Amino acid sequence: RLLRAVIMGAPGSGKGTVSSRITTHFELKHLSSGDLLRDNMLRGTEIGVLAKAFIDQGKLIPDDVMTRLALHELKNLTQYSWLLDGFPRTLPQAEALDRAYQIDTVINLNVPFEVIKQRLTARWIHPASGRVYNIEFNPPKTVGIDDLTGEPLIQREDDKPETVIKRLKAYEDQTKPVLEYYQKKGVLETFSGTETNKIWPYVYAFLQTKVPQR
């Protein structure tokens, strides 16, 4: 039985790293909705130009548009094991997917809000030089100050707590119904933790029972 899987996780949860590792260790196709959108935007396809119109304005792709795009990619990939990442993002997407394919495995990375928030708000910049500081991994010698110049660091808008809080609230509003949908269907597997490297072995062992290695 070929894998018919979805992976879910908030921004900053480590889902990107886990999906990357899944793809390197297992013989499957990684189907990232963001990659698919970007391929179409790069090539200027009909759906790519429409997607660009939304993304350039910071808008979600409408459900019907996104589902049409995703199903078209899947339609010629049924000879392969699949790992859907980024789709379904919303309950209408998940219900539309359910009318097209039987999804047998949904992985969720359950990482605490405070942990995610700290990860997503950690980046500070010295604008003139472009030097990057990460409160967790390469902090400045003096809080809030550039090491070479003594000048203030700033946060880019995407990295500020106000923006991050809104982003995580949106993710929760959109995806909590999807998680509950798959929980009810009995296909949800939840991995909880605070460090990607401590979660990955358990995801790895779980998938070892479901799809061949690469």
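Residue numbers here begin at 1 and follow the sequence given.
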Of 113 to 121 and 100 to 108, the stretch whose C-alpha atoms average the higher B-factor in the entry: 113 to 121
Which of 42 to 50 and 184 to 192 has higher mean CA B factor, as the PDB entry lists it: 42 to 50
Per the PDB entry, maximal CA B factor within 134, 129, 79, 93: 79
Highest recorded Cα temperature factor - choice among 31, 60, 148, 178: 60
Ranked C-alpha temperature factor of residue 9 among modelled chain residues, by third: lowest
B-factor third for the C-alpha atom of residue 164 within its chain: middle
Chain-relative CA temperature factor third for residue 36: lowest
Third of the chain, ranked by Cα B-factor, where residue 84 sits: lowest
